[PDB]
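Novice: For reference, the file target_36.cif (mmCIF, N, CA and C atoms) is included below:
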data_entry
#
loop_
_atom_site.label_atom_id
_atom_site.label_comp_id
_atom_site.auth_asym_id
_atom_site.auth_seq_id
_atom_site.Cartn_x
_atom_site.Cartn_y
_atom_site.Cartn_z
N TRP R 1 21.48 -6.30 -49.79
CA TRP R 1 20.60 -6.50 -48.65
C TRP R 1 20.42 -5.21 -47.88
N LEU R 2 21.46 -4.39 -47.84
CA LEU R 2 21.42 -3.15 -47.09
C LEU R 2 20.56 -2.13 -47.79
N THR R 3 20.77 -1.99 -49.08
CA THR R 3 20.00 -1.04 -49.84
C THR R 3 18.54 -1.42 -49.95
N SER R 4 18.23 -2.72 -49.88
CA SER R 4 16.87 -3.17 -50.10
C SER R 4 15.90 -2.63 -49.06
N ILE R 5 16.38 -2.40 -47.84
CA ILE R 5 15.47 -2.06 -46.74
C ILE R 5 14.82 -0.71 -47.03
N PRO R 6 13.50 -0.57 -47.01
CA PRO R 6 12.91 0.77 -47.10
C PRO R 6 13.28 1.62 -45.89
N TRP R 7 13.42 2.92 -46.11
CA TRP R 7 13.72 3.90 -45.06
C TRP R 7 12.72 5.02 -45.26
N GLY R 8 11.56 4.88 -44.65
CA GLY R 8 10.54 5.90 -44.71
C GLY R 8 9.36 5.59 -45.58
N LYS R 9 9.37 4.52 -46.39
CA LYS R 9 8.13 4.18 -47.05
C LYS R 9 7.05 3.91 -46.01
N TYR R 10 5.92 4.56 -46.20
CA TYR R 10 4.84 4.61 -45.23
C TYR R 10 3.58 4.40 -46.05
N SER R 11 3.03 3.19 -46.00
CA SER R 11 1.78 2.92 -46.67
C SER R 11 0.70 3.82 -46.14
N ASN R 12 -0.08 4.38 -47.04
CA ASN R 12 -1.06 5.32 -46.57
C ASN R 12 -2.18 4.46 -46.06
N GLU R 13 -2.82 4.94 -45.02
CA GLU R 13 -3.95 4.24 -44.45
C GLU R 13 -5.22 4.85 -44.98
N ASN R 14 -6.26 4.05 -44.96
CA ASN R 14 -7.57 4.63 -44.89
C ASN R 14 -7.71 5.13 -43.47
N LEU R 15 -8.48 6.18 -43.31
CA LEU R 15 -8.66 6.79 -42.01
C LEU R 15 -10.11 7.13 -41.72
N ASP R 16 -11.00 7.05 -42.69
CA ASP R 16 -12.40 7.17 -42.37
C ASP R 16 -12.83 6.00 -41.50
N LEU R 17 -13.58 6.31 -40.46
CA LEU R 17 -14.10 5.24 -39.62
C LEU R 17 -15.17 4.42 -40.31
N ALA R 18 -16.03 5.05 -41.12
CA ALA R 18 -17.19 4.36 -41.69
C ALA R 18 -16.74 3.15 -42.48
N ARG R 19 -15.79 3.38 -43.37
CA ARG R 19 -15.34 2.30 -44.22
C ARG R 19 -14.68 1.22 -43.36
N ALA R 20 -14.05 1.61 -42.24
CA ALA R 20 -13.51 0.59 -41.35
C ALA R 20 -14.63 -0.20 -40.69
N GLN R 21 -15.76 0.46 -40.36
CA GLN R 21 -16.92 -0.23 -39.81
C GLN R 21 -17.28 -1.37 -40.71
N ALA R 22 -17.61 -1.00 -41.95
CA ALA R 22 -18.01 -1.98 -42.94
C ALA R 22 -17.01 -3.12 -42.98
N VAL R 23 -15.76 -2.80 -43.35
CA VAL R 23 -14.80 -3.87 -43.63
C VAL R 23 -14.56 -4.76 -42.41
N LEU R 24 -14.62 -4.21 -41.19
CA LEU R 24 -14.58 -5.11 -40.04
C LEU R 24 -15.83 -5.96 -39.93
N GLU R 25 -17.01 -5.42 -40.26
CA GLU R 25 -18.20 -6.24 -40.10
C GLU R 25 -18.38 -7.22 -41.23
N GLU R 26 -17.69 -7.03 -42.34
CA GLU R 26 -17.98 -7.87 -43.49
C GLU R 26 -17.53 -9.29 -43.30
N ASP R 27 -16.54 -9.54 -42.45
CA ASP R 27 -15.79 -10.78 -42.54
C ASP R 27 -15.63 -11.57 -41.26
N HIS R 28 -16.26 -11.18 -40.16
CA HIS R 28 -16.11 -11.91 -38.90
C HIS R 28 -17.31 -11.62 -38.05
N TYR R 29 -18.09 -12.63 -37.73
CA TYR R 29 -19.23 -12.34 -36.89
C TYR R 29 -18.70 -12.04 -35.50
N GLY R 30 -19.42 -11.20 -34.77
CA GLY R 30 -19.19 -11.07 -33.34
C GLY R 30 -17.82 -10.55 -33.00
N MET R 31 -17.20 -11.22 -32.03
CA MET R 31 -15.91 -10.86 -31.46
C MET R 31 -15.77 -9.36 -31.29
N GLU R 32 -16.82 -8.78 -30.70
CA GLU R 32 -16.96 -7.35 -30.64
C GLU R 32 -15.85 -6.66 -29.88
N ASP R 33 -15.17 -7.35 -28.97
CA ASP R 33 -14.17 -6.67 -28.17
C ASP R 33 -13.02 -6.19 -29.04
N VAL R 34 -12.49 -7.09 -29.87
CA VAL R 34 -11.35 -6.74 -30.70
C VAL R 34 -11.73 -5.67 -31.69
N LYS R 35 -12.96 -5.70 -32.17
CA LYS R 35 -13.41 -4.67 -33.08
C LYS R 35 -13.39 -3.32 -32.39
N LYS R 36 -13.86 -3.29 -31.15
CA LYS R 36 -13.89 -2.02 -30.45
C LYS R 36 -12.50 -1.49 -30.21
N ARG R 37 -11.55 -2.36 -29.89
CA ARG R 37 -10.22 -1.84 -29.62
C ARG R 37 -9.57 -1.29 -30.88
N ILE R 38 -9.58 -2.07 -31.96
CA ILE R 38 -8.91 -1.59 -33.17
C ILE R 38 -9.58 -0.34 -33.72
N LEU R 39 -10.91 -0.26 -33.61
CA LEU R 39 -11.58 0.95 -34.04
C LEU R 39 -11.15 2.13 -33.21
N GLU R 40 -10.99 1.92 -31.92
CA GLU R 40 -10.52 2.99 -31.07
C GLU R 40 -9.12 3.41 -31.50
N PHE R 41 -8.31 2.45 -31.95
CA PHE R 41 -6.96 2.77 -32.39
C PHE R 41 -6.98 3.71 -33.58
N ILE R 42 -7.76 3.37 -34.61
CA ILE R 42 -7.78 4.28 -35.75
C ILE R 42 -8.34 5.61 -35.34
N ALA R 43 -9.31 5.61 -34.43
CA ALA R 43 -9.92 6.87 -34.05
C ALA R 43 -8.91 7.79 -33.39
N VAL R 44 -7.94 7.22 -32.66
CA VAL R 44 -6.96 8.08 -32.01
C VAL R 44 -5.87 8.49 -32.99
N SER R 45 -5.43 7.57 -33.87
CA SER R 45 -4.36 7.95 -34.80
C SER R 45 -4.83 9.07 -35.69
N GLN R 46 -6.12 9.10 -36.01
CA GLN R 46 -6.66 10.16 -36.83
C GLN R 46 -6.53 11.49 -36.11
N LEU R 47 -6.52 11.45 -34.78
CA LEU R 47 -6.40 12.65 -33.98
C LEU R 47 -4.96 13.12 -33.92
N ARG R 48 -4.08 12.29 -33.37
CA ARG R 48 -2.73 12.69 -32.99
C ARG R 48 -1.79 12.55 -34.18
N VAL L 1 16.21 1.38 -1.63
CA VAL L 1 14.98 2.11 -1.93
C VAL L 1 13.80 1.34 -1.35
N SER L 2 12.79 2.08 -0.92
CA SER L 2 11.63 1.57 -0.21
C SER L 2 10.41 1.46 -1.11
N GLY L 3 9.24 1.19 -0.52
CA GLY L 3 8.02 1.26 -1.30
C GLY L 3 7.49 2.67 -1.39
N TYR L 4 6.17 2.90 -1.29
CA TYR L 4 5.64 4.26 -1.28
C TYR L 4 4.29 4.30 -0.56
N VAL L 5 4.06 5.32 0.25
CA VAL L 5 2.79 5.46 0.97
C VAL L 5 1.69 5.78 -0.05
N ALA L 6 0.44 5.44 0.28
CA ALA L 6 -0.66 5.68 -0.66
C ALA L 6 -0.67 7.14 -1.12
N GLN L 7 -0.57 8.06 -0.16
CA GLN L 7 -0.47 9.47 -0.54
C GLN L 7 0.81 9.71 -1.31
N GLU L 8 1.86 8.95 -1.03
CA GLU L 8 3.11 9.24 -1.69
C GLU L 8 2.94 9.01 -3.18
N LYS L 9 2.20 7.95 -3.52
CA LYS L 9 1.93 7.70 -4.92
C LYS L 9 1.07 8.81 -5.50
N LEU L 10 0.18 9.38 -4.68
CA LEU L 10 -0.62 10.50 -5.18
C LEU L 10 0.26 11.66 -5.59
N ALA L 11 1.19 12.03 -4.71
CA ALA L 11 2.07 13.14 -5.00
C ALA L 11 2.97 12.83 -6.18
N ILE L 12 3.27 11.57 -6.42
CA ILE L 12 4.00 11.25 -7.63
C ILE L 12 3.12 11.54 -8.83
N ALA L 13 2.01 10.80 -8.92
CA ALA L 13 1.29 10.73 -10.17
C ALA L 13 0.70 12.06 -10.62
N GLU L 14 0.36 12.96 -9.70
CA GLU L 14 -0.22 14.21 -10.17
C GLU L 14 0.76 15.08 -10.91
N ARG L 15 2.06 14.87 -10.74
CA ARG L 15 3.05 15.73 -11.38
C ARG L 15 3.86 14.96 -12.40
N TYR L 16 4.55 13.92 -11.99
CA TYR L 16 5.56 13.33 -12.86
C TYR L 16 5.04 12.22 -13.75
N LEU L 17 3.78 11.79 -13.59
CA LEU L 17 3.24 10.62 -14.28
C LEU L 17 2.09 10.98 -15.21
N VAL L 18 1.02 11.60 -14.70
CA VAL L 18 -0.11 11.96 -15.55
C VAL L 18 0.31 12.81 -16.74
N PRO L 19 1.07 13.91 -16.57
CA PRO L 19 1.49 14.68 -17.75
C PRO L 19 2.25 13.86 -18.76
N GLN L 20 3.04 12.89 -18.29
CA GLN L 20 3.82 12.08 -19.21
C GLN L 20 2.91 11.27 -20.12
N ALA L 21 1.99 10.51 -19.53
CA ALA L 21 1.05 9.76 -20.35
C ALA L 21 0.18 10.68 -21.18
N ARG L 22 -0.12 11.88 -20.67
CA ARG L 22 -0.89 12.83 -21.45
C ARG L 22 -0.16 13.24 -22.71
N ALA L 23 1.16 13.32 -22.65
CA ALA L 23 1.92 13.56 -23.86
C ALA L 23 2.04 12.32 -24.73
N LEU L 24 1.83 11.13 -24.17
CA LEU L 24 1.85 9.93 -25.01
C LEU L 24 0.55 9.77 -25.76
N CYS L 25 -0.57 10.09 -25.13
CA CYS L 25 -1.85 10.02 -25.82
C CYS L 25 -2.11 11.26 -26.66
N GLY L 26 -1.26 12.28 -26.57
CA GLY L 26 -1.35 13.44 -27.41
C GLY L 26 -2.44 14.40 -27.06
N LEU L 27 -3.09 14.22 -25.92
CA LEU L 27 -4.18 15.09 -25.54
C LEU L 27 -3.60 16.29 -24.78
N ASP L 28 -4.44 17.30 -24.56
CA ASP L 28 -4.12 18.43 -23.70
C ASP L 28 -5.12 18.51 -22.54
N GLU L 29 -4.69 19.20 -21.47
CA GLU L 29 -5.50 19.36 -20.27
C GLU L 29 -6.83 20.01 -20.53
N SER L 30 -6.98 20.78 -21.60
CA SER L 30 -8.24 21.49 -21.81
C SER L 30 -9.43 20.55 -21.91
N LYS L 31 -9.22 19.32 -22.41
CA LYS L 31 -10.30 18.39 -22.69
C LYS L 31 -10.29 17.11 -21.86
N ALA L 32 -9.28 16.89 -21.02
CA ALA L 32 -9.08 15.60 -20.34
C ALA L 32 -8.72 15.78 -18.86
N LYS L 33 -9.57 16.51 -18.14
CA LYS L 33 -9.38 16.72 -16.72
C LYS L 33 -9.31 15.39 -15.97
N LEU L 34 -8.49 15.35 -14.93
CA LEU L 34 -8.43 14.22 -14.00
C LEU L 34 -8.35 14.78 -12.59
N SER L 35 -9.48 14.82 -11.88
CA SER L 35 -9.50 15.27 -10.49
C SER L 35 -8.51 14.48 -9.63
N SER L 36 -8.15 15.03 -8.47
CA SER L 36 -7.35 14.25 -7.53
C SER L 36 -8.11 13.07 -6.95
N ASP L 37 -9.41 13.22 -6.70
CA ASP L 37 -10.13 12.17 -5.98
C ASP L 37 -10.17 10.88 -6.77
N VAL L 38 -10.28 10.98 -8.09
CA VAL L 38 -10.28 9.78 -8.91
C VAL L 38 -8.96 9.07 -8.77
N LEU L 39 -7.87 9.82 -8.65
CA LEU L 39 -6.59 9.16 -8.48
C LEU L 39 -6.51 8.50 -7.14
N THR L 40 -6.98 9.17 -6.10
CA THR L 40 -6.92 8.56 -4.78
C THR L 40 -7.75 7.30 -4.71
N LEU L 41 -8.92 7.28 -5.36
CA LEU L 41 -9.72 6.07 -5.39
C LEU L 41 -9.02 4.97 -6.15
N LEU L 42 -8.48 5.32 -7.31
CA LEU L 42 -7.72 4.39 -8.12
C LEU L 42 -6.65 3.72 -7.29
N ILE L 43 -5.68 4.49 -6.78
CA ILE L 43 -4.53 3.86 -6.14
C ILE L 43 -4.95 3.10 -4.90
N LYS L 44 -5.96 3.60 -4.19
CA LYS L 44 -6.41 2.88 -3.02
C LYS L 44 -7.03 1.54 -3.36
N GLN L 45 -7.65 1.41 -4.53
CA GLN L 45 -8.43 0.23 -4.87
C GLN L 45 -7.81 -0.64 -5.95
N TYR L 46 -7.51 -0.10 -7.11
CA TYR L 46 -7.36 -0.98 -8.25
C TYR L 46 -5.95 -1.53 -8.41
N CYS L 47 -5.01 -1.14 -7.56
CA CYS L 47 -3.61 -1.57 -7.70
C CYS L 47 -2.93 -1.51 -6.35
N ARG L 48 -2.68 -2.66 -5.72
CA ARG L 48 -1.98 -2.69 -4.44
C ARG L 48 -0.62 -3.35 -4.64
N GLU L 49 0.33 -2.54 -5.08
CA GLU L 49 1.69 -3.01 -5.29
C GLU L 49 2.61 -1.83 -5.00
N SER L 50 3.71 -2.11 -4.29
CA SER L 50 4.62 -1.06 -3.85
C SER L 50 5.20 -0.28 -5.01
N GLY L 51 5.41 -0.95 -6.13
CA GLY L 51 5.87 -0.28 -7.32
C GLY L 51 4.76 0.55 -7.92
N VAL L 52 5.14 1.48 -8.80
CA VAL L 52 4.17 2.36 -9.43
C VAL L 52 3.77 1.88 -10.82
N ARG L 53 4.33 0.77 -11.32
CA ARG L 53 4.08 0.38 -12.71
C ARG L 53 2.60 0.10 -13.00
N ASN L 54 1.88 -0.48 -12.04
CA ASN L 54 0.52 -0.89 -12.34
C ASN L 54 -0.39 0.31 -12.44
N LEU L 55 -0.21 1.26 -11.53
CA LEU L 55 -0.92 2.51 -11.65
C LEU L 55 -0.61 3.20 -12.95
N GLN L 56 0.61 3.04 -13.45
CA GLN L 56 0.95 3.63 -14.73
C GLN L 56 0.13 3.01 -15.86
N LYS L 57 -0.14 1.70 -15.78
CA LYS L 57 -1.01 1.12 -16.81
C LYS L 57 -2.43 1.62 -16.68
N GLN L 58 -2.96 1.68 -15.46
CA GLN L 58 -4.34 2.12 -15.31
C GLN L 58 -4.50 3.51 -15.91
N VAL L 59 -3.68 4.46 -15.44
CA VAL L 59 -3.88 5.84 -15.86
C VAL L 59 -3.73 5.95 -17.37
N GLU L 60 -2.85 5.13 -17.96
CA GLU L 60 -2.77 5.07 -19.42
C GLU L 60 -4.11 4.72 -20.03
N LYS L 61 -4.69 3.61 -19.56
CA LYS L 61 -5.94 3.11 -20.11
C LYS L 61 -7.00 4.19 -20.06
N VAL L 62 -7.10 4.86 -18.92
CA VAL L 62 -8.12 5.89 -18.76
C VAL L 62 -7.93 6.98 -19.79
N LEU L 63 -6.68 7.41 -20.00
CA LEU L 63 -6.47 8.53 -20.91
C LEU L 63 -6.87 8.17 -22.32
N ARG L 64 -6.35 7.05 -22.83
CA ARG L 64 -6.63 6.76 -24.22
C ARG L 64 -8.11 6.47 -24.44
N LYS L 65 -8.79 5.87 -23.46
CA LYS L 65 -10.23 5.71 -23.61
C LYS L 65 -10.91 7.06 -23.68
N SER L 66 -10.39 8.02 -22.93
CA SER L 66 -10.93 9.36 -23.07
C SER L 66 -10.70 9.90 -24.47
N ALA L 67 -9.55 9.55 -25.07
CA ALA L 67 -9.28 10.04 -26.42
C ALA L 67 -10.30 9.50 -27.40
N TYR L 68 -10.67 8.24 -27.22
CA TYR L 68 -11.69 7.69 -28.10
C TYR L 68 -13.02 8.38 -27.89
N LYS L 69 -13.33 8.75 -26.66
CA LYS L 69 -14.55 9.51 -26.50
C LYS L 69 -14.45 10.89 -27.13
N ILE L 70 -13.26 11.43 -27.31
CA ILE L 70 -13.17 12.76 -27.91
C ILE L 70 -13.32 12.67 -29.41
N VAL L 71 -12.40 11.94 -30.07
CA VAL L 71 -12.15 12.12 -31.50
C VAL L 71 -13.39 11.89 -32.34
N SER L 72 -14.28 11.03 -31.89
CA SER L 72 -15.53 10.75 -32.57
C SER L 72 -16.73 10.98 -31.69
N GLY L 73 -16.57 10.82 -30.39
CA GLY L 73 -17.68 10.86 -29.48
C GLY L 73 -18.33 12.22 -29.39
N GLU L 74 -19.00 12.42 -28.27
CA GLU L 74 -19.87 13.56 -28.11
C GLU L 74 -19.11 14.71 -27.46
N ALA L 75 -18.62 14.49 -26.24
CA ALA L 75 -18.06 15.55 -25.42
C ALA L 75 -16.82 16.16 -26.07
N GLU L 76 -16.72 17.48 -25.98
CA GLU L 76 -15.48 18.17 -26.33
C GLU L 76 -14.48 18.18 -25.19
N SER L 77 -14.87 17.78 -23.98
CA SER L 77 -13.97 17.82 -22.84
C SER L 77 -14.38 16.75 -21.84
N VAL L 78 -13.75 15.58 -21.92
CA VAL L 78 -14.05 14.55 -20.95
C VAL L 78 -13.62 15.04 -19.58
N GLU L 79 -14.42 14.71 -18.57
CA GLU L 79 -14.20 15.11 -17.19
C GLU L 79 -14.34 13.86 -16.33
N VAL L 80 -13.23 13.22 -15.97
CA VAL L 80 -13.36 12.04 -15.13
C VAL L 80 -13.86 12.52 -13.78
N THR L 81 -14.83 11.81 -13.24
CA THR L 81 -15.33 12.00 -11.89
C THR L 81 -15.48 10.63 -11.27
N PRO L 82 -15.40 10.52 -9.93
CA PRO L 82 -15.46 9.18 -9.32
C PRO L 82 -16.71 8.40 -9.67
N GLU L 83 -17.86 9.07 -9.74
CA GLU L 83 -19.06 8.39 -10.20
C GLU L 83 -18.94 7.98 -11.67
N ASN L 84 -18.27 8.79 -12.47
CA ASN L 84 -18.09 8.45 -13.88
C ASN L 84 -17.20 7.24 -14.08
N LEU L 85 -16.29 6.99 -13.14
CA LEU L 85 -15.10 6.20 -13.41
C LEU L 85 -15.45 4.79 -13.86
N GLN L 86 -16.52 4.22 -13.26
CA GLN L 86 -16.86 2.82 -13.49
C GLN L 86 -17.14 2.54 -14.96
N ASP L 87 -17.59 3.55 -15.68
CA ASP L 87 -17.73 3.49 -17.12
C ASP L 87 -16.38 3.15 -17.71
N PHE L 88 -15.45 4.09 -17.53
CA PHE L 88 -14.20 4.07 -18.27
C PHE L 88 -13.39 2.82 -17.97
N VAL L 89 -13.07 2.60 -16.69
CA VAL L 89 -12.15 1.52 -16.31
C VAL L 89 -12.87 0.35 -15.65
N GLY L 90 -14.20 0.33 -15.65
CA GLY L 90 -14.89 -0.83 -15.12
C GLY L 90 -15.03 -0.91 -13.61
N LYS L 91 -15.41 -2.11 -13.19
CA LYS L 91 -15.79 -2.43 -11.82
C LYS L 91 -14.58 -2.50 -10.89
N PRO L 92 -14.75 -2.23 -9.59
CA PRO L 92 -13.62 -2.37 -8.67
C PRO L 92 -13.11 -3.79 -8.62
N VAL L 93 -11.79 -3.94 -8.46
CA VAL L 93 -11.20 -5.27 -8.45
C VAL L 93 -11.01 -5.68 -7.00
N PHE L 94 -10.11 -5.00 -6.30
CA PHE L 94 -9.76 -5.35 -4.93
C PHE L 94 -10.68 -4.65 -3.96
N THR L 95 -10.99 -5.34 -2.86
CA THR L 95 -11.64 -4.65 -1.76
C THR L 95 -11.20 -5.17 -0.41
N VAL L 96 -11.13 -6.49 -0.23
CA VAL L 96 -11.18 -7.01 1.14
C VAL L 96 -9.81 -7.18 1.77
N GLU L 97 -9.10 -6.09 2.05
CA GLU L 97 -7.79 -6.19 2.71
C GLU L 97 -7.98 -6.87 4.06
#
Rewrite the structure from the file as structure tokens, please.
Specialist:
Amino acid sequence: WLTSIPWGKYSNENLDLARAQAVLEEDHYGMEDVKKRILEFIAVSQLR
Amino acid sequence: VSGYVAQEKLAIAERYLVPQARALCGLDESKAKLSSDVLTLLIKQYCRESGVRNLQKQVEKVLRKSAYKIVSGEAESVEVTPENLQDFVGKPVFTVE
């Protein structure tokens, strides 16, 4: 159980905003507020 | 320990608070100016609590929203101004003491 835990495995993200635009719009109409927040999140992580 | 005078919170936040959140949002002063007057308007209006925690949330919100305007947006240097402010953090909440 101790050895099983990952220590540093870091799934790589997509980081292009465009592809995030699409995939957010593909599957949920509206609810624009949450879309704006999460998009802002990726936009900042790409920076810092 | 006591509460804090409105100006007292000003003297706090310009030194020991804004730079801290600025290091949390990862920005530098070159692109994310915050005049004193915006802070005085903020603390006078949007948060009336003796503790400083609520002002800490506001100033956080403002900074990271500025970051979103940088990383993809237009301006290379956001400049908060009191007329600008209503954009970033919205409409005044409290007024009628």
Novice: Could you tell me which residues the PyMOL selection byres ((chain R) within 8 of (chain L)) returns for this structure, as a VMD selection string?
Specialist: chain R and resid 39 to 41 43 to 44 46 to 48
Novice: Take the PyMOL selection byres ((chain L and resi 76-81) around 7), apply it to the structure above, and return the hits as an MDAnalysis selection string.
Specialist: chainID L and resid 30:35 37:38 66 70 73:75 82:86
Novice: Take the residues from that selection and put them in a file with N, CA and C atoms, as a PDB file, in the coordinates of the input.
Specialist:
ATOM      1  N   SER L  30      -6.980  20.780 -21.600  1.00  0.00           N
ATOM      2  CA  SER L  30      -8.240  21.490 -21.810  1.00  0.00           C
ATOM      3  C   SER L  30      -9.430  20.550 -21.910  1.00  0.00           C
ATOM      4  N   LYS L  31      -9.220  19.320 -22.410  1.00  0.00           N
ATOM      5  CA  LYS L  31     -10.300  18.390 -22.690  1.00  0.00           C
ATOM      6  C   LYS L  31     -10.290  17.110 -21.860  1.00  0.00           C
ATOM      7  N   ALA L  32      -9.280  16.890 -21.020  1.00  0.00           N
ATOM      8  CA  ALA L  32      -9.080  15.600 -20.340  1.00  0.00           C
ATOM      9  C   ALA L  32      -8.720  15.780 -18.860  1.00  0.00           C
ATOM     10  N   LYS L  33      -9.570  16.510 -18.140  1.00  0.00           N
ATOM     11  CA  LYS L  33      -9.380  16.720 -16.720  1.00  0.00           C
ATOM     12  C   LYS L  33      -9.310  15.390 -15.970  1.00  0.00           C
ATOM     13  N   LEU L  34      -8.490  15.350 -14.930  1.00  0.00           N
ATOM     14  CA  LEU L  34      -8.430  14.220 -14.000  1.00  0.00           C
ATOM     15  C   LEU L  34      -8.350  14.780 -12.590  1.00  0.00           C
ATOM     16  N   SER L  35      -9.480  14.820 -11.880  1.00  0.00           N
ATOM     17  CA  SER L  35      -9.500  15.270 -10.490  1.00  0.00           C
ATOM     18  C   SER L  35      -8.510  14.480  -9.630  1.00  0.00           C
ATOM     19  N   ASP L  37      -9.410  13.220  -6.700  1.00  0.00           N
ATOM     20  CA  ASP L  37     -10.130  12.170  -5.980  1.00  0.00           C
ATOM     21  C   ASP L  37     -10.170  10.880  -6.770  1.00  0.00           C
ATOM     22  N   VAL L  38     -10.280  10.980  -8.090  1.00  0.00           N
ATOM     23  CA  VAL L  38     -10.280   9.780  -8.910  1.00  0.00           C
ATOM     24  C   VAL L  38      -8.960   9.070  -8.770  1.00  0.00           C
ATOM     25  N   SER L  66     -10.390   8.020 -22.930  1.00  0.00           N
ATOM     26  CA  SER L  66     -10.930   9.360 -23.070  1.00  0.00           C
ATOM     27  C   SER L  66     -10.700   9.900 -24.470  1.00  0.00           C
ATOM     28  N   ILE L  70     -13.260  11.430 -27.310  1.00  0.00           N
ATOM     29  CA  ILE L  70     -13.170  12.760 -27.910  1.00  0.00           C
ATOM     30  C   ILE L  70     -13.320  12.670 -29.410  1.00  0.00           C
ATOM     31  N   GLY L  73     -16.570  10.820 -30.390  1.00  0.00           N
ATOM     32  CA  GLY L  73     -17.680  10.860 -29.480  1.00  0.00           C
ATOM     33  C   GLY L  73     -18.330  12.220 -29.390  1.00  0.00           C
ATOM     34  N   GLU L  74     -19.000  12.420 -28.270  1.00  0.00           N
ATOM     35  CA  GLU L  74     -19.870  13.560 -28.110  1.00  0.00           C
ATOM     36  C   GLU L  74     -19.110  14.710 -27.460  1.00  0.00           C
ATOM     37  N   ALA L  75     -18.620  14.490 -26.240  1.00  0.00           N
ATOM     38  CA  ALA L  75     -18.060  15.550 -25.420  1.00  0.00           C
ATOM     39  C   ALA L  75     -16.820  16.160 -26.070  1.00  0.00           C
ATOM     40  N   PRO L  82     -15.400  10.520  -9.930  1.00  0.00           N
ATOM     41  CA  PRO L  82     -15.460   9.180  -9.320  1.00  0.00           C
ATOM     42  C   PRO L  82     -16.710   8.400  -9.670  1.00  0.00           C
ATOM     43  N   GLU L  83     -17.860   9.070  -9.740  1.00  0.00           N
ATOM     44  CA  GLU L  83     -19.060   8.390 -10.200  1.00  0.00           C
ATOM     45  C   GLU L  83     -18.940   7.980 -11.670  1.00  0.00           C
ATOM     46  N   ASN L  84     -18.270   8.790 -12.470  1.00  0.00           N
ATOM     47  CA  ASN L  84     -18.090   8.450 -13.880  1.00  0.00           C
ATOM     48  C   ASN L  84     -17.200   7.240 -14.080  1.00  0.00           C
ATOM     49  N   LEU L  85     -16.290   6.990 -13.140  1.00  0.00           N
ATOM     50  CA  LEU L  85     -15.100   6.200 -13.410  1.00  0.00           C
ATOM     51  C   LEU L  85     -15.450   4.790 -13.860  1.00  0.00           C
ATOM     52  N   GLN L  86     -16.520   4.220 -13.260  1.00  0.00           N
ATOM     53  CA  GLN L  86     -16.860   2.820 -13.490  1.00  0.00           C
ATOM     54  C   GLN L  86     -17.140   2.540 -14.960  1.00  0.00           C
TER      55      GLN L  86
END
Novice: Can you list, as a ChimeraX atom specification, all residues belonging to region 1-79 of chain L that DSSP tags as strand (DSSP E or B)?
Specialist: /L:32-34,78-79
Novice: Calculate how many Å separate CA of residue 36 (chain R) from atom C of residue 91 (chain L), rounding to one decimal.
Specialist: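 For CA of residue 36 (chain R) relative to atom C of residue 91 (chain L), the distance reads 19.6 Å.
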Novice: Any idea what the distance is between CA of residue 23 (chain L) and CA of residue 55 (chain L)?
Specialist: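 Atom-to-atom, CA of residue 23 (chain L) and CA of residue 55 (chain L) are spaced 16.7 Å apart.
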